[PDB]
Amino acid sequence: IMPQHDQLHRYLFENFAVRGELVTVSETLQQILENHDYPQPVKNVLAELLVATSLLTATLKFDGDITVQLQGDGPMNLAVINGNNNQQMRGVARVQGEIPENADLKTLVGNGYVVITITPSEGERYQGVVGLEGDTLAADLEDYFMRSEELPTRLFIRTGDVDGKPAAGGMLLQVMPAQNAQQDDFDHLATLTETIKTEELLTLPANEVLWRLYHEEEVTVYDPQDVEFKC
């Protein structure tokens with residue numbers, strides 16, 4: 001009973017009113033990077049977007065589409081993943097200039113934002129525009145969620161190489177809404193998961209990674225879910 005391939009799982013911390021999710025998108029990635037000749041720095045934000053988008057997605061009670069993009073006046077005007085609630089993802093980047101060998105994100109992009117737009121099959125749409133104050137996409141998103149959302153959320157995104165092939169995964173924690181969850185416990189959990197090793201995350205069976213961190217906790221593991229490339 002053990003294969004190999006991208007997946008995202010959900011879990012809730014019973015006595016803590018905080019849910020979390022771990023995910024790997026290294027395969028669906030190989031697919032999005034292939035065909036282009038993208039500089040390291042770009043293959044990175046994308047791995048970064050990809051994961052981010054994934055996790056956002058898995059957290060929203062919807063059904064339809066969503067695009068997450070990075071806009072601005074960098075050499076890379078554009079970068080965007082597109083995916084739905086069935087975690088089927090694809091994306092492209094948009095290079096138009098000089099790209100500094102070891103490029104930073106503020107450097108990689110303009111003064112742009114991140115746009116999160118959702119278009120659910122049947123109903124109103126949702127726009128989320130977050131500025132790039134913070135220095136990590138993962139950060140800007142947490143912060144967005146602090147401000148424009150008032151829901152504490154932490155993103156843990158690791159990017160790297162497994163078997164020469166680039167590979168990416170990530171983790172999420174976030175206050176369960178209107179259940180009065182004590183910031184504390186969370187900070188602890190966050191403190192706990194910060195320790196996660198890109199290495200572990202990317203090569204180690206999720207169930208184990210979850211154990212290695214949350215074993216001492218009352219966890220409720222929901223059914224997993226695939227993540228995959230689209231057309």
# chains A, B, ... in the order shown; residues from 1 in each chain; ligands from 1
$ residues_around --residues "residue A:36" --least-positions-apart "2" --cutoff "12 Å" --atoms "only C-alpha atoms" --output "PyMOL selection string"
chain A and resi 30-34+38-40+42-43+91-95
$ residues_around --residues "residue A:227" --least-positions-apart "2" --cutoff "7 Å" --atoms "only C-alpha atoms" --output "ChimeraX atom specification"
/A:6-8,25,28,87-88,225
$ select_by_dssp --residues "stretch 62-97 of chain A" --states "strand (DSSP E or B)" --output "VMD selection string"
chain A and resid 65 to 70 76 to 84 88 to 95
$ residues_around --residues "residue A:173" --least-positions-apart "3" --cutoff "9 Å" --atoms "only C-alpha atoms" --output "mmCIF file with N, CA and C atoms, in the first residue's frame"
data_model
loop_
_atom_site.group_PDB
_atom_site.id
_atom_site.type_symbol
_atom_site.label_atom_id
_atom_site.label_comp_id
_atom_site.auth_asym_id
_atom_site.auth_seq_id
_atom_site.Cartn_x
_atom_site.Cartn_y
_atom_site.Cartn_z
ATOM 1 N N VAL A 18 -7.664 24.405 15.597
ATOM 2 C CA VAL A 18 -6.633 24.906 14.701
ATOM 3 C C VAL A 18 -6.576 23.743 13.731
ATOM 4 N N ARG A 19 -6.537 24.038 12.438
ATOM 5 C CA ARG A 19 -6.420 22.999 11.429
ATOM 6 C C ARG A 19 -5.142 23.344 10.659
ATOM 7 N N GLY A 20 -4.775 22.285 9.936
ATOM 8 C CA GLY A 20 -3.495 22.319 9.276
ATOM 9 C C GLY A 20 -3.590 21.458 8.054
ATOM 10 N N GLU A 21 -2.569 21.610 7.200
ATOM 11 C CA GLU A 21 -2.486 20.800 5.988
ATOM 12 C C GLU A 21 -1.078 20.812 5.464
ATOM 13 N N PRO A 152 -5.441 34.175 11.859
ATOM 14 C CA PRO A 152 -4.016 33.865 11.912
ATOM 15 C C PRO A 152 -3.773 32.570 11.141
ATOM 16 N N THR A 153 -2.746 32.674 10.313
ATOM 17 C CA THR A 153 -2.410 31.615 9.416
ATOM 18 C C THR A 153 -0.921 31.550 9.175
ATOM 19 N N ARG A 154 -0.340 30.382 9.305
ATOM 20 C CA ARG A 154 1.054 30.348 8.939
ATOM 21 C C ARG A 154 1.355 29.397 7.809
ATOM 22 N N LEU A 155 2.192 29.908 6.911
ATOM 23 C CA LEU A 155 2.564 29.038 5.798
ATOM 24 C C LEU A 155 3.960 28.534 5.932
ATOM 25 N N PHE A 156 4.059 27.231 5.784
ATOM 26 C CA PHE A 156 5.421 26.708 5.735
ATOM 27 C C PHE A 156 5.692 26.137 4.371
ATOM 28 N N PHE A 186 -1.543 27.653 19.362
ATOM 29 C CA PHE A 186 -1.112 27.921 18.003
ATOM 30 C C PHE A 186 0.384 28.247 17.980
ATOM 31 N N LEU A 189 2.289 25.161 18.334
ATOM 32 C CA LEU A 189 2.176 24.412 17.095
ATOM 33 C C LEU A 189 3.020 24.992 16.005
ATOM 34 N N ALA A 190 2.884 26.291 15.797
ATOM 35 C CA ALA A 190 3.761 26.934 14.807
ATOM 36 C C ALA A 190 5.234 26.732 15.141
ATOM 37 N N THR A 193 6.034 23.379 14.129
ATOM 38 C CA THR A 193 6.174 22.935 12.758
ATOM 39 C C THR A 193 7.300 23.661 12.016
#
$ closest_residue --among "A:111, A:120, A:130, A:106" --to "residue A:146" --atoms "only C-alpha atoms"
A:130
$ closest_residue --among "A:49, A:58, A:22, A:138" --to "residue A:172" --atoms "only C-alpha atoms"
A:22
$ atom_distance --atom1 "atom CA of residue A:23" --atom2 "atom CA of residue A:205"
10.5 Å
$ select_by_dssp --residues "stretch 4-161 of chain A" --states "helix (DSSP H, G or I)" --output "ChimeraX atom specification"
/A:14-16,26-33,40-59,105-108,137-149
$ write_last_selection --atoms "C-alpha atoms" --output "PDB file, in the first residue's frame"
ATOM      1  CA  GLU A  14      -9.252  18.540  18.054  1.00  0.00           C
ATOM      2  CA  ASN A  15      -8.694  20.213  21.471  1.00  0.00           C
ATOM      3  CA  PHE A  16      -7.051  23.194  19.843  1.00  0.00           C
ATOM      4  CA  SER A  26       6.867  18.214  -6.752  1.00  0.00           C
ATOM      5  CA  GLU A  27       5.448  16.142  -9.586  1.00  0.00           C
ATOM      6  CA  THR A  28       2.794  18.565 -10.757  1.00  0.00           C
ATOM      7  CA  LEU A  29       5.721  20.978 -10.620  1.00  0.00           C
ATOM      8  CA  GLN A  30       8.072  18.992 -12.815  1.00  0.00           C
ATOM      9  CA  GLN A  31       5.232  19.464 -15.247  1.00  0.00           C
ATOM     10  CA  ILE A  32       4.860  23.177 -15.065  1.00  0.00           C
ATOM     11  CA  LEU A  33       8.535  23.951 -15.401  1.00  0.00           C
ATOM     12  CA  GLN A  40      16.428  29.180 -11.158  1.00  0.00           C
ATOM     13  CA  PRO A  41      14.869  32.171  -9.447  1.00  0.00           C
ATOM     14  CA  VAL A  42      11.691  31.782 -11.532  1.00  0.00           C
ATOM     15  CA  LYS A  43      11.386  28.058 -11.209  1.00  0.00           C
ATOM     16  CA  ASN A  44      11.424  28.972  -7.556  1.00  0.00           C
ATOM     17  CA  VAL A  45       8.643  31.476  -7.100  1.00  0.00           C
ATOM     18  CA  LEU A  46       6.551  29.195  -9.083  1.00  0.00           C
ATOM     19  CA  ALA A  47       7.201  26.279  -6.832  1.00  0.00           C
ATOM     20  CA  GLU A  48       6.396  28.809  -4.215  1.00  0.00           C
ATOM     21  CA  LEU A  49       3.186  29.929  -5.856  1.00  0.00           C
ATOM     22  CA  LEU A  50       2.192  26.454  -6.621  1.00  0.00           C
ATOM     23  CA  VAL A  51       2.364  25.337  -3.068  1.00  0.00           C
ATOM     24  CA  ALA A  52       0.793  28.531  -1.767  1.00  0.00           C
ATOM     25  CA  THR A  53      -2.056  28.262  -4.149  1.00  0.00           C
ATOM     26  CA  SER A  54      -2.569  24.718  -3.279  1.00  0.00           C
ATOM     27  CA  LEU A  55      -2.891  25.431   0.339  1.00  0.00           C
ATOM     28  CA  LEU A  56      -5.079  28.428  -0.006  1.00  0.00           C
ATOM     29  CA  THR A  57      -7.273  26.365  -2.133  1.00  0.00           C
ATOM     30  CA  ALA A  58      -7.610  23.507   0.245  1.00  0.00           C
ATOM     31  CA  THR A  59      -8.725  25.929   2.836  1.00  0.00           C
ATOM     32  CA  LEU A 105      11.470  38.123  -4.791  1.00  0.00           C
ATOM     33  CA  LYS A 106      11.076  41.895  -4.463  1.00  0.00           C
ATOM     34  CA  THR A 107      13.885  41.800  -7.024  1.00  0.00           C
ATOM     35  CA  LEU A 108      12.160  39.161  -9.183  1.00  0.00           C
ATOM     36  CA  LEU A 137       5.496  35.103  -0.470  1.00  0.00           C
ATOM     37  CA  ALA A 138       4.652  32.806   2.379  1.00  0.00           C
ATOM     38  CA  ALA A 139       5.000  35.807   4.634  1.00  0.00           C
ATOM     39  CA  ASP A 140       2.953  38.293   2.644  1.00  0.00           C
ATOM     40  CA  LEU A 141       0.169  35.744   2.566  1.00  0.00           C
ATOM     41  CA  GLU A 142       0.271  35.104   6.355  1.00  0.00           C
ATOM     42  CA  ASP A 143       0.214  38.814   6.846  1.00  0.00           C
ATOM     43  CA  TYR A 144      -2.559  39.385   4.349  1.00  0.00           C
ATOM     44  CA  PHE A 145      -4.492  36.819   6.346  1.00  0.00           C
ATOM     45  CA  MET A 146      -3.762  38.632   9.518  1.00  0.00           C
ATOM     46  CA  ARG A 147      -5.015  41.938   8.165  1.00  0.00           C
ATOM     47  CA  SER A 148      -7.622  41.673   5.425  1.00  0.00           C
ATOM     48  CA  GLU A 149      -8.774  38.359   6.950  1.00  0.00           C
TER      49      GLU A 149
END
$ atom_distance --atom1 "atom CA of residue A:168" --atom2 "atom CA of residue A:134"
21.0 Å
$ residues_around --residues "stretch 217-219 of chain A" --least-positions-apart "3" --cutoff "6 Å" --atoms "only C-alpha atoms" --output "PDB file with N, CA and C atoms, in the first residue's frame"
ATOM      1  N   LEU A  12      -7.186  18.333  11.589  1.00  0.00           N
ATOM      2  CA  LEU A  12      -7.688  19.274  12.552  1.00  0.00           C
ATOM      3  C   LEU A  12      -7.149  18.895  13.919  1.00  0.00           C
ATOM      4  N   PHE A  13      -6.796  19.899  14.712  1.00  0.00           N
ATOM      5  CA  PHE A  13      -6.280  19.649  16.049  1.00  0.00           C
ATOM      6  C   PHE A  13      -7.410  19.733  17.079  1.00  0.00           C
ATOM      7  N   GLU A  14      -8.009  18.588  17.334  1.00  0.00           N
ATOM      8  CA  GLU A  14      -9.252  18.540  18.054  1.00  0.00           C
ATOM      9  C   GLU A  14      -9.359  19.611  19.123  1.00  0.00           C
ATOM     10  N   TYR A 214       3.481  15.991  15.123  1.00  0.00           N
ATOM     11  CA  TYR A 214       2.323  16.157  15.981  1.00  0.00           C
ATOM     12  C   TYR A 214       1.947  14.924  16.787  1.00  0.00           C
TER      13      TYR A 214
END
$ closest_residue --among "A:2, A:171, A:181, A:132" --to "residue A:210" --atoms "only C-alpha atoms"
A:171
$ atom_distance --atom1 "atom CA of residue A:64" --atom2 "atom CA of residue A:85"
5.8 Å
$ decode --residues "stretch 166-191 of chain A" --atoms "N, CA, C and O atoms" --output "compact mmCIF listing (two decimals), in the first residue's frame"
# COMPACT_ATOMS: atom_id res chain seq x y z
N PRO A 166 13.64 19.03 -9.53
CA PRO A 166 13.10 19.99 -8.56
C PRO A 166 11.80 19.43 -7.95
O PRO A 166 11.11 18.59 -8.54
N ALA A 167 11.47 19.92 -6.76
CA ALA A 167 10.45 19.32 -5.94
C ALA A 167 9.98 20.37 -4.93
O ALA A 167 10.74 21.30 -4.67
N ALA A 168 8.70 20.38 -4.55
CA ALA A 168 8.13 21.35 -3.58
C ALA A 168 6.95 20.87 -2.73
O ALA A 168 6.06 20.10 -3.17
N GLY A 169 6.97 21.31 -1.48
CA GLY A 169 5.89 20.93 -0.59
C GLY A 169 5.55 22.04 0.41
O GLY A 169 6.24 23.07 0.48
N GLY A 170 4.54 21.79 1.24
CA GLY A 170 4.31 22.76 2.28
C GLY A 170 3.20 22.46 3.27
O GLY A 170 2.37 21.54 3.12
N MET A 171 3.25 23.29 4.31
CA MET A 171 2.42 23.07 5.46
C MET A 171 1.66 24.31 5.90
O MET A 171 2.05 25.48 5.66
N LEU A 172 0.52 24.03 6.53
CA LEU A 172 -0.33 25.15 6.94
C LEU A 172 -0.89 24.97 8.32
O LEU A 172 -1.17 23.84 8.69
N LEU A 173 -1.04 26.08 9.04
CA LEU A 173 -1.74 26.07 10.32
C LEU A 173 -2.52 27.34 10.22
O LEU A 173 -2.08 28.24 9.48
N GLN A 174 -3.65 27.32 10.92
CA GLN A 174 -4.60 28.42 10.89
C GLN A 174 -5.72 28.30 11.87
O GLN A 174 -6.51 27.34 11.93
N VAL A 175 -5.91 29.41 12.55
CA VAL A 175 -6.96 29.34 13.55
C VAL A 175 -8.28 28.86 13.02
O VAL A 175 -8.73 29.36 12.01
N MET A 176 -8.85 27.83 13.61
CA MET A 176 -10.24 27.57 13.24
C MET A 176 -11.10 28.74 13.68
O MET A 176 -11.16 29.05 14.85
N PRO A 177 -11.89 29.25 12.74
CA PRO A 177 -12.78 30.42 12.88
C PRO A 177 -13.80 30.38 14.03
O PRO A 177 -14.48 29.34 14.14
N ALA A 178 -14.13 31.53 14.62
CA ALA A 178 -15.10 31.64 15.74
C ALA A 178 -15.21 30.47 16.75
O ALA A 178 -16.32 30.17 17.22
N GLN A 179 -14.07 29.84 17.05
CA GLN A 179 -14.01 28.79 18.07
C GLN A 179 -13.05 29.17 19.19
O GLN A 179 -12.72 28.31 20.02
N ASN A 180 -12.62 30.44 19.17
CA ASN A 180 -12.04 31.08 20.36
C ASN A 180 -10.66 30.47 20.72
O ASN A 180 -10.19 30.48 21.88
N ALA A 181 -10.02 29.98 19.66
CA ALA A 181 -8.78 29.23 19.77
C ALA A 181 -7.68 30.10 20.39
O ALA A 181 -7.40 31.17 19.85
N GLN A 182 -7.13 29.70 21.55
CA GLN A 182 -6.05 30.45 22.24
C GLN A 182 -4.75 30.62 21.41
O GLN A 182 -4.05 29.65 21.06
N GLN A 183 -4.48 31.87 21.03
CA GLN A 183 -3.32 32.17 20.24
C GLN A 183 -2.21 31.25 20.69
O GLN A 183 -1.46 30.69 19.89
N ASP A 184 -2.01 31.20 21.99
CA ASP A 184 -0.93 30.37 22.48
C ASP A 184 -0.81 29.06 21.75
O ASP A 184 0.02 28.97 20.86
N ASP A 185 -1.50 28.03 22.22
CA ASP A 185 -1.43 26.71 21.58
C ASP A 185 -0.92 26.79 20.15
O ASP A 185 0.04 26.12 19.79
N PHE A 186 -1.54 27.65 19.36
CA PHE A 186 -1.11 27.92 18.00
C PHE A 186 0.38 28.25 17.98
O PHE A 186 1.20 27.47 17.45
N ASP A 187 0.76 29.37 18.59
CA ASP A 187 2.16 29.70 18.54
C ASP A 187 2.96 28.42 18.82
O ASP A 187 3.82 28.04 18.02
N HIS A 188 2.67 27.73 19.89
CA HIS A 188 3.38 26.47 20.08
C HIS A 188 3.45 25.54 18.86
O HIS A 188 4.52 25.08 18.45
N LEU A 189 2.29 25.16 18.33
CA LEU A 189 2.18 24.41 17.10
C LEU A 189 3.02 24.99 16.01
O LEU A 189 3.74 24.28 15.31
N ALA A 190 2.88 26.29 15.80
CA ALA A 190 3.76 26.93 14.81
C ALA A 190 5.23 26.73 15.14
O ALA A 190 6.03 26.33 14.29
N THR A 191 5.57 27.02 16.40
CA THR A 191 6.95 26.82 16.85
C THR A 191 7.49 25.43 16.53
O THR A 191 8.68 25.24 16.21
